[PDB]
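Here's the structure, in structure tokens; my notes come after.
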Amino acid sequence: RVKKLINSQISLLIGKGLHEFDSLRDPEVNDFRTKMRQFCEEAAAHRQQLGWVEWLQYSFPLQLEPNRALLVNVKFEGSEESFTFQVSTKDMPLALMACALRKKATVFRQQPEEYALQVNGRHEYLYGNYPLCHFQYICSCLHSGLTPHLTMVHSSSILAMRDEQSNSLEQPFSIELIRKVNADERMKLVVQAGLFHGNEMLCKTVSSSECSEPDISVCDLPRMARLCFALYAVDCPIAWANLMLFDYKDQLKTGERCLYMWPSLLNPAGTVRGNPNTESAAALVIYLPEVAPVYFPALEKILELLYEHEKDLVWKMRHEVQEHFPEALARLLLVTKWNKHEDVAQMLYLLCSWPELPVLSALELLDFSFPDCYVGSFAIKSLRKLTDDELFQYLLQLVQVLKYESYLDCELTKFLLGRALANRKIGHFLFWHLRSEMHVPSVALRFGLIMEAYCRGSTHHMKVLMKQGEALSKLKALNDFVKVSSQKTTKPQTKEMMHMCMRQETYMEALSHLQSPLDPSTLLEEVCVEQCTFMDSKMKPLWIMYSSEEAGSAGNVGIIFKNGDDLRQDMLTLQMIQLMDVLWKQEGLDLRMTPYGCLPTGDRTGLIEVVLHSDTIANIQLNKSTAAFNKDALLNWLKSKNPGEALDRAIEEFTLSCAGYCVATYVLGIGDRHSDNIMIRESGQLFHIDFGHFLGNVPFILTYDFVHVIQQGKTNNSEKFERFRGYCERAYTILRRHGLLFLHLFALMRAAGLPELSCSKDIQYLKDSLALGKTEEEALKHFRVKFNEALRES
Ligand SMILES: C[C@H]1COC(=O)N1c1cc(-c2cnc(N)nc2C(F)(F)F)nc(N2CCOCC2)n1
């Protein structure tokens with residue numbers, strides 16, 4: 001009964017019963033299940049014998065940054081008696097722990113290596129040989145002015161958490177086209193079939209001969225060949241269906257197949273698995289002739305065997321390309337004749353001795369343009385260099401790429417699960433990236449199986465994620481109530497009844513004491529029902545506040561629950577802005593950005609992190625007790641929050657972040673920016689919210705109200721204004737240098753099916769906004785023309 005409880009909890013957590021998997025009687029699903037279960041359990045066991053600092057690295061990974069004084073409050077576990085030391089920002093955490101043990105021995109009338117520093121009320125720790133200034137928490141405290149509050153956790157306490165979290169021939173390829181079709185009975189049904197190796201067509205779309213019931217050799221068919229079908233009417237499309245010619249066991253598939261079709265001509269990128277709705281979906285009846293069994297040649301036997309003329313020169317000096325331009329691998333792989341086994345064996349032989357490639361080259365090889373499993377394994381082999389922080393930075397894209405995957409057991413799934421089971425922060429976001437897509441039939445089996453496998457290697461983490469899902473379940477029930485109620489009573493009345501609903505023990509228990517799905521290190525402790533509310537927008541989003549005594553003012557955390565809108569594009573936009581910030585900070589440029597959390601959790605559902613101490617441009621402009629001129633409202637609000645000496649740092653914070661968001665919204669093509677979706681923090685930091693439109697679905701924007709604040713309220717201020725232009729120019733030139741990184745990641749995101757990231761037209765927008773094909777001088781002059789055009793429009 002220890003397994004019956006665990007399995008039913010897994011079913012509940014992943015949003016799919018484990019019985020649904022068994023009832024498929026699918027040897028592939030069964031073989032992924034048992035192989036991945038052992039893989040995950042091995043990792044769980046390796047983790048149960050790690051050292052206490054290694055366990056800290058696992059569950060609470062360090063939050064770092066991409067000579068000065070510091071007052072720090074430090075206390076111990078099991079004692080309210082705090083102590084305020086005065087350490088330097090250049091000191092290591094071990095120096096503070098020695099200071100704390102010195103003050104502890106002096107009071108209690110009495111070794112810092114057996115201790116770790118916990119950030120109060122958070123699952124965040126400070127340990128290692130890193131100066132305090134470089135820990136994100138100390139950095140954030142220094143800028144905010146706040147005193148860092150830490151707790152001296154001993155090794156015997158950390159080890160108790162580890163001990164509490166236990167458990168053949170030239171015969172040309174041919175098909176026989178032998179069902180619930182719904183189309184105009186007056187016209188006729190036609191099926192178009194195409195052979196594909198990724199994007200590349202292996203031969204030519206062999207269509208069919210024009211009711212409700214209806215040039216390639218077999219020896220040259222590549223390992224990952226796709227037979228792609230399209231049911232049209234004769235141009236109105238009806239359905240599509242794809243399948244792999246070779247099975248998961250490398251054997252060539254033979255005999256009849258029933259292809260359950262997806263409703264819409266050819267969709268090569270679409271999954272190679274049938275529609276699960278085997279009741280209403282249209283089906284195609286096909287037959288695979290008998291070649292003999294024939295299993296795709298092994299690596300041992302395989303290794304034994306731009307204009308048109310430019311591609312033939314790249315292929316001729318293919319060995320010179322490996323030995324002198326190894327990074328040009330994708331250029332030669334994209335020129336290889338994938339419909340000729342003779343050239344594919346010669347090309348795969350080169351890839352077997354090809355040196356490793358930088359992560360930027362590996363992220364390119366993960367695109368759909370490279371479906372070969374050998375070239376794909378080489379990509380994950382180069383992708384292991386990825387640091388846990390870099391892997392987190394691209395985790396969303398690596399999850400979308402699983403949609404291109406042709407079989408369930410794959411080296412990307414093995415890698416993602418291996419890296420997830422070695423870091424609880426990576427296992428956390430991998431969980432939510434898969435959980436949030438469980439309502440999508442095409443990914444539900446794949447994602448459902450991965451989440452199950454992870455759960456086998458993390459039974460304690462499953463219980464922690466269960467607590468999150470229960471909170472999200474209650475938030476949907478409270479949000480549906482709020483939607484119905486708001487259409488029938490005054491807002492104050494609905495707010496009072498939302499609070500009574502929340503005050504029920506079913507809700508107080510479920511909504512309290514959980515890790516935030518937006519950030520596992522933020523602990524959501526007591527829900528402040530008096531401070532919770534909903535916004536007046538269509539989906540009545542909930543504004544939920546939390547407090548924690550243990551963390552003081554830092555435990556005051558807000559989250560926004562939204563049901564009814566897709567949050568993926570917002571998440572993507574924010575991740576890109578965070579990447580820009582990391583790139584800018586890597587080149588010594590801190591633009592004081594605010595890349596707050598956005599995490600989709602389910603069907604048109606997700607969370608948004610509340611940034612407290614901020615208001616919208618429109619609310620500051622309609623102040624609540626004056627400005628003689630509206631142009632002075634923002635500057636006056638900044639004066640209200642930053643008296644005397646402080647006003648200068650606030651105008652600087654505004655200038656830097658304004659330059660960052662001006663460049664980010666410009667480069668990413670984010671339009672429809674107005675006083676409602678632009679906010680200012682009391683520090684001066686300007687940031688944007690609600691990114692429902694990107695890639696021009698856009699000129700540089702210079703708002704007069706912001707230029708007035710940048711100019712310290714002066715009508716003419718070239719010293720201030722031109723320093724601002726320098727920031728825009730630097731941030732735009734740093735992002736241009738990493739243009740290939742955004743293009744590769746955006747190319748990987750084509751797998752997500754976001755409507756504003758659909759064809760090459762959308763990717764072209766980024767190339768033009770980043771002016772990549774130009775020299776750095778010509779691009780900077782072009783940006784200058786578009787920036788000067790924005791000041792005149794201001
Ligand atoms: C200004 C406040 C008041 O009325 C709002 O609507 N507000 C919103 C709205 C939103 C938001 C952002 N993106 C998307 N797609 N949707 C929303 C919403 F919650 F409305 F659904 N976010 C905030 N933030 C608060 C400050 O820290 C960051 C998050 N506040």
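Letters A, B, ... go to the chains of the structure tokens in the order shown; residues in each chain start at 1; ligands are counted from 1 in the same order.
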Expected selection as a PyMOL selection string for ligand 1 within 6 Å, only C-alpha atoms and all ligand atoms: chain A and resi 535+541+560+562+608-611+616+689-690
Within 8 Å of range 340-343 of chain A using only C-alpha atoms, minus same-chain residues under 5 positions, as a ChimeraX atom specification: /A:219-222,305
Contacts of range 737-754 of chain A at 8 Å (only C-alpha atoms; same-chain gap of 5+ positions) as a VMD selection string: chain A and resid 360 363 to 364 366 to 367 394 397 to 398 400 to 401 403 to 404 568 to 569 576 759 763 766 to 767 770 772
Export, as a short mmCIF file (atom, residue, chain, number, x, y, z; two decimals), in the first residue's frame, the selected residues with C-alpha atoms.
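Result file part12.cif:
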data_model
loop_
_atom_site.label_atom_id
_atom_site.label_comp_id
_atom_site.auth_asym_id
_atom_site.auth_seq_id
_atom_site.Cartn_x
_atom_site.Cartn_y
_atom_site.Cartn_z
CA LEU A 360 25.56 28.52 -29.03
CA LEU A 363 21.37 25.13 -29.41
CA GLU A 364 21.27 25.59 -33.24
CA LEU A 366 18.56 21.15 -31.66
CA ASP A 367 16.28 22.77 -34.32
CA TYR A 394 17.04 28.01 -21.86
CA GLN A 397 13.15 26.13 -25.25
CA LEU A 398 14.50 22.65 -24.40
CA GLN A 400 9.40 22.94 -26.65
CA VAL A 401 12.01 20.94 -28.63
CA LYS A 403 7.58 18.27 -29.36
CA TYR A 404 9.85 17.69 -32.44
CA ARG A 568 3.15 31.56 -22.50
CA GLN A 569 4.00 34.60 -24.69
CA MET A 576 14.01 37.30 -23.07
CA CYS A 759 6.56 31.43 -39.70
CA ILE A 763 11.98 35.46 -37.10
CA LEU A 766 14.27 40.03 -34.99
CA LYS A 767 16.96 40.07 -37.70
CA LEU A 770 18.81 43.64 -34.41
CA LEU A 772 22.35 41.66 -37.98
#
Name the residues in contact with range 262-271 of chain A at a cut-off of 10 Å, using only C-alpha atoms, excluding same-chain residues fewer than 5 positions from it; report them as a PDB file with N, CA, C and O atoms, in the first residue's frame.
ATOM      1  N   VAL A 191      -5.776  12.656 -51.098  1.00  0.00           N
ATOM      2  CA  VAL A 191      -4.719  12.534 -50.097  1.00  0.00           C
ATOM      3  C   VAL A 191      -3.354  12.841 -50.710  1.00  0.00           C
ATOM      4  O   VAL A 191      -2.959  12.187 -51.673  1.00  0.00           O
ATOM      5  N   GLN A 192      -2.619  13.812 -50.149  1.00  0.00           N
ATOM      6  CA  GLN A 192      -1.286  14.134 -50.655  1.00  0.00           C
ATOM      7  C   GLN A 192      -0.268  13.581 -49.671  1.00  0.00           C
ATOM      8  O   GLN A 192      -0.353  13.867 -48.478  1.00  0.00           O
ATOM      9  N   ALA A 193       0.670  12.762 -50.154  1.00  0.00           N
ATOM     10  CA  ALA A 193       1.686  12.180 -49.278  1.00  0.00           C
ATOM     11  C   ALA A 193       3.085  12.711 -49.607  1.00  0.00           C
ATOM     12  O   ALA A 193       3.434  12.856 -50.776  1.00  0.00           O
ATOM     13  N   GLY A 194       3.871  12.984 -48.579  1.00  0.00           N
ATOM     14  CA  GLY A 194       5.224  13.473 -48.757  1.00  0.00           C
ATOM     15  C   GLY A 194       6.221  12.771 -47.862  1.00  0.00           C
ATOM     16  O   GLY A 194       5.922  12.472 -46.711  1.00  0.00           O
ATOM     17  N   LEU A 195       7.409  12.486 -48.384  1.00  0.00           N
ATOM     18  CA  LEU A 195       8.471  11.857 -47.600  1.00  0.00           C
ATOM     19  C   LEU A 195       9.336  12.979 -47.084  1.00  0.00           C
ATOM     20  O   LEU A 195       9.750  13.821 -47.870  1.00  0.00           O
ATOM     21  N   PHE A 196       9.581  13.035 -45.774  1.00  0.00           N
ATOM     22  CA  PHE A 196      10.353  14.136 -45.187  1.00  0.00           C
ATOM     23  C   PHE A 196      11.450  13.708 -44.221  1.00  0.00           C
ATOM     24  O   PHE A 196      11.248  12.806 -43.418  1.00  0.00           O
ATOM     25  N   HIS A 197      12.592  14.406 -44.249  1.00  0.00           N
ATOM     26  CA  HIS A 197      13.659  14.214 -43.267  1.00  0.00           C
ATOM     27  C   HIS A 197      13.812  15.586 -42.621  1.00  0.00           C
ATOM     28  O   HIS A 197      14.619  16.399 -43.068  1.00  0.00           O
ATOM     29  N   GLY A 198      12.972  15.858 -41.629  1.00  0.00           N
ATOM     30  CA  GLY A 198      12.943  17.150 -40.963  1.00  0.00           C
ATOM     31  C   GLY A 198      12.172  18.114 -41.829  1.00  0.00           C
ATOM     32  O   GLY A 198      11.009  17.859 -42.157  1.00  0.00           O
ATOM     33  N   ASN A 199      12.821  19.198 -42.249  1.00  0.00           N
ATOM     34  CA  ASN A 199      12.184  20.168 -43.131  1.00  0.00           C
ATOM     35  C   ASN A 199      12.266  19.735 -44.589  1.00  0.00           C
ATOM     36  O   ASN A 199      11.314  19.933 -45.341  1.00  0.00           O
ATOM     37  N   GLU A 200      13.409  19.148 -44.975  1.00  0.00           N
ATOM     38  CA  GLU A 200      13.733  18.705 -46.321  1.00  0.00           C
ATOM     39  C   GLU A 200      12.844  17.567 -46.867  1.00  0.00           C
ATOM     40  O   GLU A 200      12.684  16.520 -46.240  1.00  0.00           O
ATOM     41  N   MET A 201      12.286  17.786 -48.055  1.00  0.00           N
ATOM     42  CA  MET A 201      11.458  16.806 -48.735  1.00  0.00           C
ATOM     43  C   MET A 201      12.415  15.791 -49.382  1.00  0.00           C
ATOM     44  O   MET A 201      13.327  16.193 -50.107  1.00  0.00           O
ATOM     45  N   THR A 205       5.905  15.426 -53.331  1.00  0.00           N
ATOM     46  CA  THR A 205       4.540  15.206 -52.867  1.00  0.00           C
ATOM     47  C   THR A 205       3.687  14.400 -53.873  1.00  0.00           C
ATOM     48  O   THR A 205       3.113  14.959 -54.807  1.00  0.00           O
ATOM     49  N   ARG A 226      10.037  10.536 -42.165  1.00  0.00           N
ATOM     50  CA  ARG A 226       8.630  10.738 -41.837  1.00  0.00           C
ATOM     51  C   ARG A 226       7.743  10.627 -43.077  1.00  0.00           C
ATOM     52  O   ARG A 226       8.000  11.309 -44.067  1.00  0.00           O
ATOM     53  N   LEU A 227       6.679   9.810 -43.021  1.00  0.00           N
ATOM     54  CA  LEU A 227       5.708   9.757 -44.108  1.00  0.00           C
ATOM     55  C   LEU A 227       4.604  10.714 -43.642  1.00  0.00           C
ATOM     56  O   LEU A 227       4.048  10.519 -42.565  1.00  0.00           O
ATOM     57  N   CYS A 228       4.363  11.795 -44.393  1.00  0.00           N
ATOM     58  CA  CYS A 228       3.399  12.821 -44.006  1.00  0.00           C
ATOM     59  C   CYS A 228       2.191  12.867 -44.926  1.00  0.00           C
ATOM     60  O   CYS A 228       2.350  13.025 -46.124  1.00  0.00           O
ATOM     61  N   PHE A 229       0.989  12.787 -44.362  1.00  0.00           N
ATOM     62  CA  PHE A 229      -0.263  12.772 -45.111  1.00  0.00           C
ATOM     63  C   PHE A 229      -1.152  14.003 -44.934  1.00  0.00           C
ATOM     64  O   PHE A 229      -1.206  14.592 -43.853  1.00  0.00           O
ATOM     65  N   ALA A 230      -1.915  14.336 -45.991  1.00  0.00           N
ATOM     66  CA  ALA A 230      -2.843  15.463 -45.981  1.00  0.00           C
ATOM     67  C   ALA A 230      -4.160  15.160 -46.718  1.00  0.00           C
ATOM     68  O   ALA A 230      -4.168  14.944 -47.940  1.00  0.00           O
ATOM     69  N   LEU A 231      -5.279  15.152 -45.959  1.00  0.00           N
ATOM     70  CA  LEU A 231      -6.614  14.912 -46.502  1.00  0.00           C
ATOM     71  C   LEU A 231      -7.284  16.244 -46.803  1.00  0.00           C
ATOM     72  O   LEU A 231      -7.685  16.952 -45.883  1.00  0.00           O
ATOM     73  N   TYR A 232      -7.387  16.596 -48.081  1.00  0.00           N
ATOM     74  CA  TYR A 232      -7.999  17.853 -48.514  1.00  0.00           C
ATOM     75  C   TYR A 232      -9.326  17.566 -49.259  1.00  0.00           C
ATOM     76  O   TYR A 232      -9.768  16.416 -49.302  1.00  0.00           O
ATOM     77  N   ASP A 235      -9.375  25.034 -52.533  1.00  0.00           N
ATOM     78  CA  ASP A 235      -8.549  24.163 -51.698  1.00  0.00           C
ATOM     79  C   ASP A 235      -8.911  24.287 -50.234  1.00  0.00           C
ATOM     80  O   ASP A 235      -8.403  25.182 -49.573  1.00  0.00           O
ATOM     81  N   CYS A 236      -9.749  23.383 -49.710  1.00  0.00           N
ATOM     82  CA  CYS A 236     -10.140  23.414 -48.296  1.00  0.00           C
ATOM     83  C   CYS A 236      -9.554  22.204 -47.561  1.00  0.00           C
ATOM     84  O   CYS A 236      -9.938  21.069 -47.852  1.00  0.00           O
ATOM     85  N   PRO A 237      -8.646  22.414 -46.601  1.00  0.00           N
ATOM     86  CA  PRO A 237      -8.081  21.270 -45.873  1.00  0.00           C
ATOM     87  C   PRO A 237      -9.022  20.718 -44.806  1.00  0.00           C
ATOM     88  O   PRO A 237      -9.892  21.420 -44.287  1.00  0.00           O
ATOM     89  N   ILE A 238      -8.852  19.439 -44.495  1.00  0.00           N
ATOM     90  CA  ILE A 238      -9.688  18.746 -43.531  1.00  0.00           C
ATOM     91  C   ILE A 238      -8.858  18.207 -42.358  1.00  0.00           C
ATOM     92  O   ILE A 238      -9.152  18.528 -41.212  1.00  0.00           O
ATOM     93  N   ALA A 239      -7.813  17.410 -42.641  1.00  0.00           N
ATOM     94  CA  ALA A 239      -6.999  16.791 -41.599  1.00  0.00           C
ATOM     95  C   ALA A 239      -5.553  16.484 -42.065  1.00  0.00           C
ATOM     96  O   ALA A 239      -5.282  16.479 -43.266  1.00  0.00           O
ATOM     97  N   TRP A 240      -4.639  16.220 -41.117  1.00  0.00           N
ATOM     98  CA  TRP A 240      -3.263  15.815 -41.401  1.00  0.00           C
ATOM     99  C   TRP A 240      -2.868  14.635 -40.487  1.00  0.00           C
ATOM    100  O   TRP A 240      -3.498  14.412 -39.453  1.00  0.00           O
ATOM    101  N   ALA A 241      -1.816  13.888 -40.857  1.00  0.00           N
ATOM    102  CA  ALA A 241      -1.324  12.769 -40.048  1.00  0.00           C
ATOM    103  C   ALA A 241       0.095  12.422 -40.476  1.00  0.00           C
ATOM    104  O   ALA A 241       0.345  12.308 -41.661  1.00  0.00           O
ATOM    105  N   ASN A 242       1.023  12.256 -39.525  1.00  0.00           N
ATOM    106  CA  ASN A 242       2.412  11.880 -39.811  1.00  0.00           C
ATOM    107  C   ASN A 242       2.786  10.590 -39.081  1.00  0.00           C
ATOM    108  O   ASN A 242       2.245  10.314 -38.012  1.00  0.00           O
ATOM    109  N   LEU A 243       3.782   9.856 -39.587  1.00  0.00           N
ATOM    110  CA  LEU A 243       4.307   8.682 -38.895  1.00  0.00           C
ATOM    111  C   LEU A 243       5.770   8.367 -39.312  1.00  0.00           C
ATOM    112  O   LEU A 243       6.193   8.750 -40.399  1.00  0.00           O
ATOM    113  N   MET A 244       6.553   7.744 -38.416  1.00  0.00           N
ATOM    114  CA  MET A 244       7.929   7.351 -38.708  1.00  0.00           C
ATOM    115  C   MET A 244       7.898   6.004 -39.433  1.00  0.00           C
ATOM    116  O   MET A 244       7.143   5.109 -39.033  1.00  0.00           O
ATOM    117  N   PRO A 276      -5.526  11.144 -30.168  1.00  0.00           N
ATOM    118  CA  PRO A 276      -6.007  10.242 -29.117  1.00  0.00           C
ATOM    119  C   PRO A 276      -7.515  10.050 -29.092  1.00  0.00           C
ATOM    120  O   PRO A 276      -7.999   9.066 -28.530  1.00  0.00           O
ATOM    121  N   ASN A 277      -8.256  10.991 -29.691  1.00  0.00           N
ATOM    122  CA  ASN A 277      -9.701  10.949 -29.792  1.00  0.00           C
ATOM    123  C   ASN A 277     -10.053   9.945 -30.894  1.00  0.00           C
ATOM    124  O   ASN A 277     -10.489  10.327 -31.982  1.00  0.00           O
ATOM    125  N   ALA A 281     -12.352  11.580 -34.507  1.00  0.00           N
ATOM    126  CA  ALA A 281     -11.358  11.890 -35.536  1.00  0.00           C
ATOM    127  C   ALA A 281     -11.435  11.036 -36.819  1.00  0.00           C
ATOM    128  O   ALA A 281     -11.766   9.842 -36.797  1.00  0.00           O
ATOM    129  N   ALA A 282     -11.136  11.690 -37.940  1.00  0.00           N
ATOM    130  CA  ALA A 282     -11.072  11.082 -39.257  1.00  0.00           C
ATOM    131  C   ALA A 282      -9.854  10.161 -39.286  1.00  0.00           C
ATOM    132  O   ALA A 282      -8.815  10.531 -38.760  1.00  0.00           O
ATOM    133  N   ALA A 283      -9.976   8.958 -39.870  1.00  0.00           N
ATOM    134  CA  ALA A 283      -8.853   8.028 -39.924  1.00  0.00           C
ATOM    135  C   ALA A 283      -8.446   7.679 -41.351  1.00  0.00           C
ATOM    136  O   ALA A 283      -9.277   7.640 -42.259  1.00  0.00           O
ATOM    137  N   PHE A 368      14.466  21.741 -35.608  1.00  0.00           N
ATOM    138  CA  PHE A 368      13.793  20.699 -36.382  1.00  0.00           C
ATOM    139  C   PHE A 368      14.539  20.364 -37.699  1.00  0.00           C
ATOM    140  O   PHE A 368      14.457  19.235 -38.198  1.00  0.00           O
ATOM    141  N   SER A 369      15.315  21.334 -38.221  1.00  0.00           N
ATOM    142  CA  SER A 369      16.149  21.164 -39.406  1.00  0.00           C
ATOM    143  C   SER A 369      17.187  20.048 -39.234  1.00  0.00           C
ATOM    144  O   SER A 369      17.841  19.707 -40.209  1.00  0.00           O
ATOM    145  N   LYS A 403       8.676  18.427 -28.405  1.00  0.00           N
ATOM    146  CA  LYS A 403       7.578  18.269 -29.356  1.00  0.00           C
ATOM    147  C   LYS A 403       8.042  17.765 -30.744  1.00  0.00           C
ATOM    148  O   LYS A 403       7.304  17.046 -31.407  1.00  0.00           O
ATOM    149  N   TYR A 404       9.258  18.126 -31.169  1.00  0.00           N
ATOM    150  CA  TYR A 404       9.846  17.686 -32.439  1.00  0.00           C
ATOM    151  C   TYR A 404      10.269  16.223 -32.350  1.00  0.00           C
ATOM    152  O   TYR A 404      10.317  15.568 -33.366  1.00  0.00           O
ATOM    153  N   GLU A 405      10.677  15.744 -31.154  1.00  0.00           N
ATOM    154  CA  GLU A 405      11.164  14.394 -30.890  1.00  0.00           C
ATOM    155  C   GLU A 405      10.272  13.333 -31.503  1.00  0.00           C
ATOM    156  O   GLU A 405       9.041  13.419 -31.455  1.00  0.00           O
ATOM    157  N   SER A 406      10.915  12.361 -32.149  1.00  0.00           N
ATOM    158  CA  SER A 406      10.231  11.343 -32.915  1.00  0.00           C
ATOM    159  C   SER A 406       9.852  10.087 -32.130  1.00  0.00           C
ATOM    160  O   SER A 406       8.940   9.368 -32.546  1.00  0.00           O
ATOM    161  N   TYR A 407      10.531   9.826 -31.002  1.00  0.00           N
ATOM    162  CA  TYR A 407      10.251   8.667 -30.141  1.00  0.00           C
ATOM    163  C   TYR A 407      10.199   9.099 -28.663  1.00  0.00           C
ATOM    164  O   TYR A 407      10.692  10.170 -28.334  1.00  0.00           O
ATOM    165  N   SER A 442      -1.686  16.405 -28.142  1.00  0.00           N
ATOM    166  CA  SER A 442      -0.494  15.982 -28.856  1.00  0.00           C
ATOM    167  C   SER A 442       0.729  15.802 -27.947  1.00  0.00           C
ATOM    168  O   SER A 442       1.584  14.975 -28.253  1.00  0.00           O
ATOM    169  N   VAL A 443       0.789  16.504 -26.818  1.00  0.00           N
ATOM    170  CA  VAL A 443       1.937  16.410 -25.910  1.00  0.00           C
ATOM    171  C   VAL A 443       1.623  15.666 -24.602  1.00  0.00           C
ATOM    172  O   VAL A 443       2.559  15.239 -23.926  1.00  0.00           O
ATOM    173  N   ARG A 750       9.591  28.028 -32.116  1.00  0.00           N
ATOM    174  CA  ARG A 750       8.615  27.771 -33.177  1.00  0.00           C
ATOM    175  C   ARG A 750       7.767  26.490 -32.856  1.00  0.00           C
ATOM    176  O   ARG A 750       6.640  26.332 -33.347  1.00  0.00           O
ATOM    177  N   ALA A 751       8.313  25.606 -31.996  1.00  0.00           N
ATOM    178  CA  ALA A 751       7.697  24.374 -31.543  1.00  0.00           C
ATOM    179  C   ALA A 751       6.520  24.596 -30.586  1.00  0.00           C
ATOM    180  O   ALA A 751       5.687  23.713 -30.443  1.00  0.00           O
TER     181      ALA A 751
END
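If you look at CA of residue 785 in chain A and CA of residue 722 in chain A, they are 14.7 Å away from each other.
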Contacts of residue 728 in chain A at 9 Å (only C-alpha atoms; same-chain gap of 2+ positions) as a list in words: residues 656, 658, 659, 660, 662, 663, 724, 725, 726, 730, 731, 732 and 733 of chain A
Non-local contacts of range 409-415 of chain A (8 Å; only C-alpha atoms; under 4 positions in same chain excluded) as a PyMOL selection string: chain A and resi 32+36+377+380+402+405+419+450
File dump, residues just selected, N, CA and C atoms, as an mmCIF file, in the first residue's frame:
data_model
loop_
_atom_site.group_PDB
_atom_site.id
_atom_site.type_symbol
_atom_site.label_atom_id
_atom_site.label_comp_id
_atom_site.auth_asym_id
_atom_site.auth_seq_id
_atom_site.Cartn_x
_atom_site.Cartn_y
_atom_site.Cartn_z
ATOM 1 N N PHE A 32 9.437 2.961 -22.150
ATOM 2 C CA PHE A 32 9.907 4.260 -21.653
ATOM 3 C C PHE A 32 9.696 4.249 -20.132
ATOM 4 N N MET A 36 12.957 4.537 -17.730
ATOM 5 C CA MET A 36 13.077 5.837 -17.088
ATOM 6 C C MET A 36 12.817 5.798 -15.595
ATOM 7 N N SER A 377 22.300 13.537 -30.746
ATOM 8 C CA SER A 377 23.093 13.061 -29.603
ATOM 9 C C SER A 377 24.359 13.915 -29.445
ATOM 10 N N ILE A 380 23.290 17.132 -27.638
ATOM 11 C CA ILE A 380 23.197 16.974 -26.180
ATOM 12 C C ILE A 380 24.599 16.746 -25.545
ATOM 13 N N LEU A 402 11.122 19.056 -27.233
ATOM 14 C CA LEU A 402 10.607 17.693 -27.030
ATOM 15 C C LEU A 402 9.424 17.395 -27.969
ATOM 16 N N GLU A 405 10.677 15.744 -31.154
ATOM 17 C CA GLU A 405 11.164 14.394 -30.890
ATOM 18 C C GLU A 405 10.272 13.333 -31.503
ATOM 19 N N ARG A 419 19.328 16.261 -15.342
ATOM 20 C CA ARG A 419 19.639 17.592 -14.808
ATOM 21 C C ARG A 419 18.577 18.108 -13.809
ATOM 22 N N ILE A 450 7.040 11.763 -18.724
ATOM 23 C CA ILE A 450 8.225 12.403 -18.154
ATOM 24 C C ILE A 450 7.964 12.822 -16.696
#
